[PDB]
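Novice: make a model of this:
(3 chains)
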Amino acid sequence: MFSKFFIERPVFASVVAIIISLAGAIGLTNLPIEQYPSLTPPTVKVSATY
Amino acid sequence: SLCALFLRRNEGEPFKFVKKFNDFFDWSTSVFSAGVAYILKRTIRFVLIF
Amino acid sequence: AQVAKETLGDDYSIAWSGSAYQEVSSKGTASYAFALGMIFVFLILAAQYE
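Specialist: Residues are numbered from 1 along each chain as shown, chains lettered A, B, ... in the order given. Please find the structure below.
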C-alpha cells in the first residue's frame, strides 16, 4: 500500500528525495562550526586590586 | 521506484573478478548453513561457549 | 570610498557608520534565496503534475 504509492509515481518520490537533500543542504549552509558540542564550561572573571 | 524505471534484466558481463568473488561467496553460504545445522543439533555444547 | 582612497593620508582610516555602514557590511544573499525558491517551486509542481 505505502510503497506502491511511490513506485507508480517515480517523479514524486524523486522530488521528495531532492527536497530532503536540498533543504538539508540549506541546513548545512546555516550551521555553526565548532570542534566539540560546547564541552568547555563557561567562565566568569572577577578582578579587583588592592 | 527508481528500480522499476532503470533496472534492466539481461547483463551477461559480470567481469572476471566479480564473478569469481560471488562464487567465492556461495561457498561460505553453504558452510554457514551446514555450520548452523551443526550447531542446532549439538545444543548444550554450544550454550556453554556463549 | 573610491575618492577617499585617493585624497587621504597614510594614517586616516576611511571608517563607515550610519546607514552607509549597514549597506557596506556584507553582500551575497539576495540571489541564493530567490534561486532555491524557484527550485522548490519547480519540485513542488513536478511532484504534482507527475
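
Novice: and the spatially most central residue of chain B, what element?
Specialist: Per Cα atoms, centre = their mean, the C-alpha nearest to the average position across chain B is that of residue B:29, at 3.9 Å. For residue B:29, the element it lies in under DSSP states H and E is helix B:17-41.

Novice: how about residues contacting that helix?
Specialist: If you take Cβ atoms under 8 Å, 6 or more residues apart in numbering or on different chains as the criterion, helix B:17-41 is touched by B:14, B:46. For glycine as for every other residue, the C-beta is placed from the backbone atoms N, C-alpha and C.

Novice: so how far is that helix from its chain's centroid?
Specialist: 6 Å (Cα atoms, centre = their mean, to the nearest Å).

Novice: the residue nearest to the centre of chain B and chain A: what is the separation?
Specialist: Between residue B:29 and chain A the distance is 28 Å, computed by Cβ to the nearest Cβ, to the nearest Å.

Novice: from residue B:17, how far off is that residue?
Specialist: According to Cβ to Cβ, to the nearest Å, residue B:29 and residue B:17 sit 19 Å apart.

Novice: report the closest residue of chain C relative to chain A.
Specialist: residue C:47 (4.0 Å; Cβ to the nearest Cβ).

Novice: list the residues that contact that residue.
Specialist: A:11, A:12, A:15, A:16.

Novice: farthest-separated two in those residues?
Specialist: Taking Cβ to Cβ, the two most distant members of these are A:11 and A:16; they sit 9.9 Å apart.

Novice: in the helix holding residue B:29, what's buried?
Specialist: By 16 or more other Cβ atoms under 10 Å in any protein chain shown, helix B:17-41 has no buried positions at all.

Novice: beyond it, next helix or strand please.
Specialist: helix B:44-47.

Novice: who's in contact with stretch B:1-10?
Specialist: Residues from elsewhere that reach stretch B:1-10 (Cβ under 8 Å, 6+ apart): A:6, A:7, A:8, A:9, A:10, A:13, A:14.

Novice: what's the helix or strand for the closest residue to the fifth one other than its chain neighbours?
Specialist: Distance criterion Cβ to Cβ, 6 or more residues apart in numbering or on different chains; nearest residue to residue A:10, sequence neighbours excluded, is residue B:1 at 4.5 Å. Element membership of residue B:1, judged by DSSP H and E, is empty: it is in no helix or strand.
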